[PDB]
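*Asks:* I have a structure here, written as structure tokens, and I will follow up with some questions on it.
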2 protein chains.
Amino acid sequence: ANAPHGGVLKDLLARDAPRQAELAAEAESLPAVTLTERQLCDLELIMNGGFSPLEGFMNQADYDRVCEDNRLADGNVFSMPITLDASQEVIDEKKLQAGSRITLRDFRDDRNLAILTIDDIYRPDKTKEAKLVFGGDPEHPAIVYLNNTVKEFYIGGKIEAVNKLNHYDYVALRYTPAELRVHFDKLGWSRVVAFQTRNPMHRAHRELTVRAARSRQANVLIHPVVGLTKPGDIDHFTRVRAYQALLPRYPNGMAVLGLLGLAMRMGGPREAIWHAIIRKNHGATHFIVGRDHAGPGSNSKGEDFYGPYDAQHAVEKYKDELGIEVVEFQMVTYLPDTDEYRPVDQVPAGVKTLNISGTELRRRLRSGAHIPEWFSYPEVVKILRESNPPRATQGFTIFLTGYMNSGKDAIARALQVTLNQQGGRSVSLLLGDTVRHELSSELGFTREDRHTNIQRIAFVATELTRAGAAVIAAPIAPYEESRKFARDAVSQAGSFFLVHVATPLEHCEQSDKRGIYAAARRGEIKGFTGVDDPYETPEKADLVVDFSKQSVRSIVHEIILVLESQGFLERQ
Amino acid sequence: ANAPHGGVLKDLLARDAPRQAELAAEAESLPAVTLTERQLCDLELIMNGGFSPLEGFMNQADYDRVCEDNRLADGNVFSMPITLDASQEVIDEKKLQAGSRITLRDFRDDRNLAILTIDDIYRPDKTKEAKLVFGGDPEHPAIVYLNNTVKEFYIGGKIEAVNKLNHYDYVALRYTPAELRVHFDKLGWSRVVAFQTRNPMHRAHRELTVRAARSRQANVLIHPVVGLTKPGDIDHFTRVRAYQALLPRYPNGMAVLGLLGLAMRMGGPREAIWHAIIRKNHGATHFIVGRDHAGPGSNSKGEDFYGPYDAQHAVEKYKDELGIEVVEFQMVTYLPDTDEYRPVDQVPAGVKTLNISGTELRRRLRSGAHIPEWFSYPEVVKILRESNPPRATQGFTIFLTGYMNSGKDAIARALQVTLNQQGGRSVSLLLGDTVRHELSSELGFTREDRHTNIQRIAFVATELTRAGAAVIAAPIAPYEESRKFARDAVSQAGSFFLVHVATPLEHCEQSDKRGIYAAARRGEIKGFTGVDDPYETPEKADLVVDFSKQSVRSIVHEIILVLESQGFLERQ
Ligand SMILES: Nc1ncnc2c1ncn2[C@@H]1O[C@H](COP(=O)(O)OS(=O)(=O)O)[C@@H](O)[C@H]1O
Ligand SMILES: Nc1ncnc2c1ncn2[C@@H]1O[C@H](COP(=O)(O)OS(=O)(=O)O)[C@@H](O)[C@H]1O
Ligand SMILES: Nc1ncnc2c1ncn2[C@@H]1O[C@H](COP(=O)(O)OS(=O)(=O)O)[C@@H](O)[C@H]1O
Ligand SMILES: Nc1ncnc2c1ncn2[C@@H]1O[C@H](COP(=O)(O)OS(=O)(=O)O)[C@@H](O)[C@H]1O
């Protein structure tokens with residue numbers, strides 16, 4: 001191990017252990033504030049010493065010296081603002097003011113975690129934070145969070161610990177700075193290189209780590225983030241399973257896997273200084289920083305937020321103040337002819353190098369294509385495939401919208417039979433009327449009530465899509481707002497296709513065998529779509545059909561052809 | 001977890017941690033006694049609380065109450081004598097007497113471990129121990145140890161801790177009662193069934209453990225012995241590797257593997273009470289006792305030392321005093337027709353049951369034959385095969401003995417060429433003269449010097465055999481004593497074959513082209529085998545040949561045929 005940053009490990013949970021009962025009791029009495037997931041990651045690392053010397057959510061004095069000088073008021077280096085935000089309504093409703101004692105509660109199990117004592121309650125310049133800490137790009141994940149999720153005020157204050165967060169996943173692999181230190185001891189280690197990561201580890205990474213181990217004569221701590229990462233990365237359960245598949249590739253007893261409940265910001269260079277501090281608090285003697293450490297890639301105009309290696313420079317600016325040795329690496333690649341990996345600054349400008357990008361990997365994962373062993377070990381690839389299956393087995397939703405009696409309900413049942421013939425997956429059919437009877441029996445037909453209904457279809461459709469089913473829904477869905485809502489939700493889990501059954505109102509009305517359009521026409525049914533209520537025509541549907549000009553059979557054939565072109569009907 | 005036996009966990013290492021430096025210094029000054037491997041297992045468990053309430057090697061008061069009442073003088077149950085034996089010569093040479101302070105040293109790295117303060121120094125009745133503790137059979141492993149390894153006197157006394165033993169194998173899987181308890185906590189466990197074992201775990205055992213887990217609503221602690229076990233079991237590195245291959249067969253986070261540095265005695269029933277105590281000290285809430293727990297099978301006259309289930313009765317006699325719940329099991333077997341396992345007391349006397357015995361398993365391992373998956377998981381079997389390979393790849397030693405110039409040296413070189421033709425393994429040729437030049441250049445030809453020489457051949461032959469080589473040695477080897485020594489050593493690692501080149505002395509002498517027999521005959525070489533020194537004719541060799549009647553070629557053919565009949569020349 002190594003000494004904590006600042007000299008004292010701020011293990012608030014060990015400090016306040018003797019007062020637990022009392023603190024608990026006192027916590028039942030104060031006004032409680034319930035934490036967001038990101039504040040819960042921060043609170044966990046504060047309470048266990050991970051953010052030493054910090055020992056509570058930053059007050060303005062501390063905050064400002066970081067927002068601009070990468071230091072805490074006490075002078076210690078610290079590059080990342082760690083604050084507890086709240087809205088004016090909560091500040092008032094709870095009567096929060098300096099010197100107040102609030103309880104911080106776990107939204108997951110309602111437990112009282114800590115008691116914070118307010119120093120101040122300031123309103124920060126979200127623009128200067130945006131710009132001074134996370135570069136300035138509005139597309140940057142941290143900045144987007146800063147504006148859309150972070151409330152208006154920051155409540156600074158020291159923390160006293162009531163309970164350690166509960167976690168039900170991987171408890172034996174989670175460690176507090178104190179526990180990890182005791183472990184390095186139990187193992188008899190003295191020099192430990194820590195490896196940060198928010199992705200599955202491939203061949204190249206196994207090499208960085210063994211290289212660092214060999215060069216610094218150190219043991220390896222694979223220390224992945226399991227809290228919050230970049231917006232769309234592979235879930236942590238898949239990643240942990242992947243890190244575990246990799247362990248057997250190191251010589252017996254050389255590496256140890258320990259999980260870090262950090263909530264990354266993707267602050268590139270700053271986040272890198274921050275990471276070094278954290279690993280030092282956890283007891284690592286060395287820490288790897290490679291290409292694009294903690295970087296979130298590039299923005300929409302294709303410009304990338306930080307340059308490669310900038311984070312290595314930043315962590316370098318404080319070589320003398322960060323009490324942990326950084327081990328640098330340049331992009332590592334594969335040399336086919338020699339069958340080896342090395343940093344680019346070691347390949348003779350004439351030698352052949354291979355590399356599979358993020359995009360190429362997703363392409364192969366999606367298509368079922370082979371992924372080279374020089375790239376990633378077999379057991380790892382297997383795990384990745386189990387989580388990101390090919391289109392051949394992914395679920396999807398076919399969303400149908402059109403006037404009542406436009407043929408959308410017959411098209412839906414035929415598509416269902418057709419896909420059951422096709423065979424790949426379980427097919428769930430949600431006909432407008434079925435949804436109305438089974439899920440929305442009590443809603444009405446007001447714009448708000450219809451919107452609610454379509455949201456209900458989307459909630460169900462998303463869970464079925466996530467389980468790999470083929471969901472077929474055919475409600476009227478008059479408003480573009482509900483439809484886009486539907487599409488956004490399902491898209492979180494898989495493909496969503498909007499098929500607009502644009503059969504003309506006259507046709508629909510003239511063939512209604514249930515005299516519903518009739519009753520509407522004689523005012524027995526108020527606000528009926530097409531007669532009273534509107535029908536916002538879909539602007540950019542994936543497919544437009546007409547039961548006036550095409551038959552159920554060929555409309556079905558057209559939908560099938562779309563699923564086919566995108567690989568959903570391939571063989572599993 | 002659960003409370004220690006006696007109420008206080010005797011963690012001598014945690015107790016004396018604050019005095020470490022002082023104790024260390026004082027330990028450099030007292031007369032030190034170096035521990036045997038079994039005393040080192042006992043010392044480790046004493047110092048870490050595993051044997052709580054015990055806190056040193058038993059003095060007579062404690063000893064006697066166990067030798068006969070299964071209790072320590074303080075009344076607590078304790079069925080196994082734990083003592084530190086010494087010989088009169090050490091007791092005198094060191095001047096040990098009551099009130100003396102000796103240092104206990106680790107023979108492995110010379111470290112000073114503990115300081116013992118002598119209460120007494122008594123001479124125990126090895127016959128009453130033999131009989132009252134380990135039944136009475138002279139073939140029993142404990143008893144054989146008691147008489148052949150245990151010295152004459154037992155030195156009783158409390159212990160103070162200087163250093164915890166060092167171990168270089170599996171440090172992350174080794175646990176002290178304190179560490180395991182902290183771990184059960186970290187994992188959030190409360191009820192824990194511990195499983196004792198000194199063998200690889202097969203399908204049947206995975207079932208006992210899941211059954212106990214399900215019935216007592218408990219988590220599983222696979223707690224194998226890694227100290228000293230029954231005389232010929234599978235080495236602990238192979239077993240640990242096997243337990244690790246098994247873990248993935250339990251549902252995620254249900255079992256934990258922790259190693260126990262116990263030195264078993266194979267005391268059946270008593271050892272079982274003992275084990276319950278130990279597991280309780282380690283914090284387990286329940287402990288499994290099955291068929292023949294801690295039993296060492298049967299003696300030579302085929303009578304088995306303890307009956308099945310006797311140990312379950314014994315641990316039952318103290319149900320009220322052992323503060324840990326025993327979970328009993330009757331022989332568990334495989335029901336082919338249903339493909340399931342259950343205790344025999346659940347198979348309808350008409351149902352079909354399958355079982356592979358220890359012998360059948362060794363038979364298959366030795367022959368390369370398939371081992372059913374209903375019996376043992378695939379990954380486990382693989383590991384067992386890597387450690388106990390078929391005769392096809394085992395090493396072996398061909399030991400040749402006969403008069404100087406009997407043809408033994410030509411037979412040896414031809415056998416070498418022949419086996420190199422054959423191909424399976426690396427062949428090491430140790431011709432008498434080569435051994436004499438390379439290993440024994442300075443020995444003479446006195447009975448003692450020859451014996452030393454043959455021991456040197458055996459040391460080298462054993463290591464090569466262990467590495468799977470074919471060793472061919474052809475020294476004269478005049479004395480049966482040396483030859484039996486040779487055979488015993490190699491037999492520890494693989495097969496040893498004695499080929500007696502019984503070519504008659506006249507023939508040998510008459511064809512000596514080096515005039516050595518000549519110089520012996522004219523007294524220029526004193527004590528020459530056959531002329532002066534004797535040649536103890538081999539009584540039970542594996543093969544007897546004569547260069548007078550057979551040719552090198554067919555003698556070689558006869559040896560090859562023997563290796564073949566035993567499976568060494570099969571294909572790998
Ligand atoms: N091919 C590579 N060559 C060198 N360093 C790399 C390579 N891939 C990743 N790294 C570095 O290894 C760690 C792996 O990072 P990732 O999990 O991809 O994302 S990050 O946000 O944690 O940096 C970071 O230190 C990163 O800079
Ligand atoms: N005011 C109404 N407008 C349209 N359909 C109605 C109305 N009142 C009842 N219905 C009936 O309810 C179903 C329409 O339900 P949905 O498709 O669920 O409509 S949506 O607006 O929420 O998309 C059809 O059976 C239709 O005949
Ligand atoms: N087939 C079996 N059925 C029931 N109990 C068994 C079986 N095999 C072993 N056991 C029990 O499980 C543990 C395994 O013991 P072994 O490693 O074979 O040897 S022992 O010396 O530790 O008992 C002991 O409790 C033993 O009694
Ligand atoms: N006194 C002796 N008896 C037998 N062989 C001898 C003697 N002195 C020298 N030699 C030579 O040493 C070799 C005998 O050595 P070994 O086979 O090593 O004998 S053994 O007694 O130790 O088995 C042969 O070369 C032999 O000619």
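Labels for the structure tokens follow display order: chains A, B, ..., residues from 1 in each chain, ligands from 1.
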Tell me the residues of chain A close to chain B, meaning within 8 Å using only C-alpha atoms, as a list in words.

*Replies:*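 Here is what falls inside 8 Å: residues 170, 171, 172, 186, 187 and 253 of chain A.
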
*Asks:* How would the residues just chosen look if you wrote them out with N, CA, C and O atoms as a PDB file, in the first residue's frame?

*Replies:*
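What ended up in part21.pdb:
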ATOM      1  N   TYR A 170     -22.258  -8.638  -6.236  1.00  0.00           N
ATOM      2  CA  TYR A 170     -20.794  -8.788  -6.053  1.00  0.00           C
ATOM      3  C   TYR A 170     -20.237  -8.261  -4.716  1.00  0.00           C
ATOM      4  O   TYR A 170     -19.204  -7.596  -4.720  1.00  0.00           O
ATOM      5  N   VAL A 171     -20.870  -8.571  -3.577  1.00  0.00           N
ATOM      6  CA  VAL A 171     -20.338  -8.023  -2.336  1.00  0.00           C
ATOM      7  C   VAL A 171     -18.920  -8.488  -2.051  1.00  0.00           C
ATOM      8  O   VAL A 171     -18.164  -7.737  -1.457  1.00  0.00           O
ATOM      9  N   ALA A 172     -18.538  -9.697  -2.461  1.00  0.00           N
ATOM     10  CA  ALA A 172     -17.173 -10.132  -2.169  1.00  0.00           C
ATOM     11  C   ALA A 172     -16.125  -9.447  -3.049  1.00  0.00           C
ATOM     12  O   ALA A 172     -14.923  -9.507  -2.746  1.00  0.00           O
ATOM     13  N   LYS A 186      -2.811  -8.853   3.568  1.00  0.00           N
ATOM     14  CA  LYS A 186      -3.005 -10.273   3.667  1.00  0.00           C
ATOM     15  C   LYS A 186      -2.233 -10.965   2.542  1.00  0.00           C
ATOM     16  O   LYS A 186      -1.622 -11.995   2.768  1.00  0.00           O
ATOM     17  N   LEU A 187      -2.286 -10.403   1.335  1.00  0.00           N
ATOM     18  CA  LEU A 187      -1.596 -10.999   0.203  1.00  0.00           C
ATOM     19  C   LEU A 187      -0.080 -10.795   0.267  1.00  0.00           C
ATOM     20  O   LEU A 187       0.676 -11.454  -0.484  1.00  0.00           O
ATOM     21  N   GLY A 253      -2.086 -15.842  -8.826  1.00  0.00           N
ATOM     22  CA  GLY A 253      -1.832 -14.845  -7.779  1.00  0.00           C
ATOM     23  C   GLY A 253      -1.127 -13.539  -8.150  1.00  0.00           C
ATOM     24  O   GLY A 253      -0.414 -12.961  -7.353  1.00  0.00           O
TER      25      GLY A 253
END

*Asks:* Could you tell me, counting only C-alpha atoms and all ligand atoms, which protein and nucleic acid residues lie no more than 9 Å from ligand 2, written as an MDAnalysis selection string?

*Replies:* chainID A and resid 401:405 431:436 440 443:447 449:454 474:479 482 514 516:517 520 525:533 535

*Asks:* Measuring between only C-alpha atoms and all ligand atoms, which one of A:19, A:230, A:126, A:413 shows the shortest distance to ligand 1?

*Replies:*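 Going through A:19, A:230, A:126, A:413 one by one, the smallest distance to ligand 1 is for A:230.
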
*Asks:* Between atom CA of residue A:145 and atom CA of residue A:87, what is the spacing in Å?

*Replies:* 15.0 Å

*Asks:* Hey, which of A:315, A:288, A:118, A:247 ends up closest to residue A:271? Count only C-alpha atoms.

*Replies:* A:315

*Asks:* When distances are computed from only C-alpha atoms and all ligand atoms, which of B:82, B:121, B:264, B:104 shows the smallest separation from ligand 3?

*Replies:*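 Using only C-alpha atoms and all ligand atoms, the shortest distance to ligand 3 belongs to B:264.
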
*Asks:* Excluding same-chain residues fewer than 4 positions from residue A:485, what lies within 8 Å of it counting only C-alpha atoms, as JSON, numbers by chain?

*Replies:* {"A": [455, 458, 481, 489]}

*Asks:* Keeping only C-alpha atoms, take the residues you just selected and write them out as a PDB file, in the first residue's frame.

*Replies:*
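Contents of part_9.pdb, as written:
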ATOM      1  CA  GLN A 455     -47.071   5.341 -22.686  1.00  0.00           C
ATOM      2  CA  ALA A 458     -44.442   1.595 -24.555  1.00  0.00           C
ATOM      3  CA  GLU A 481     -46.038  13.157 -29.120  1.00  0.00           C
ATOM      4  CA  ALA A 489     -38.630   4.043 -24.748  1.00  0.00           C
TER       5      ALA A 489
END

*Asks:* Show me which residues sit within 6 Å of ligand 1 when counting only C-alpha atoms and all ligand atoms, and put them as an MDAnalysis selection string.

*Replies:* chainID A and resid 196:199 204 288:295 329:332

*Asks:* Find, counting only C-alpha atoms and all ligand atoms, the residue in B:258, B:268, B:6, B:538 that gets nearest to ligand 3.

*Replies:*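 Distance minimum relative to ligand 3 lands on B:268.
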
*Asks:* Can you tell me, as an NGL selection string, what residues are no more than 7 Å from residue B:400 when counting only C-alpha atoms, ignoring any on the same chain fewer than 2 positions away?

*Replies:* :B and (398 or 402 or 408 or 473-475 or 498-501)

*Asks:* How far is it from atom CA of residue B:483 to atom CA of residue B:367, in Å with one decimal?

*Replies:*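 So the two atoms, atom CA of residue B:483 and atom CA of residue B:367, lie 28.6 Å apart.
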
*Asks:* Taking only stretch 51-113 of chain A into account, list the residues labelled alpha helix (DSSP H) by DSSP (computed from the backbone), as an MDAnalysis selection string.

*Replies:* chainID A and resid 60:69 88:93
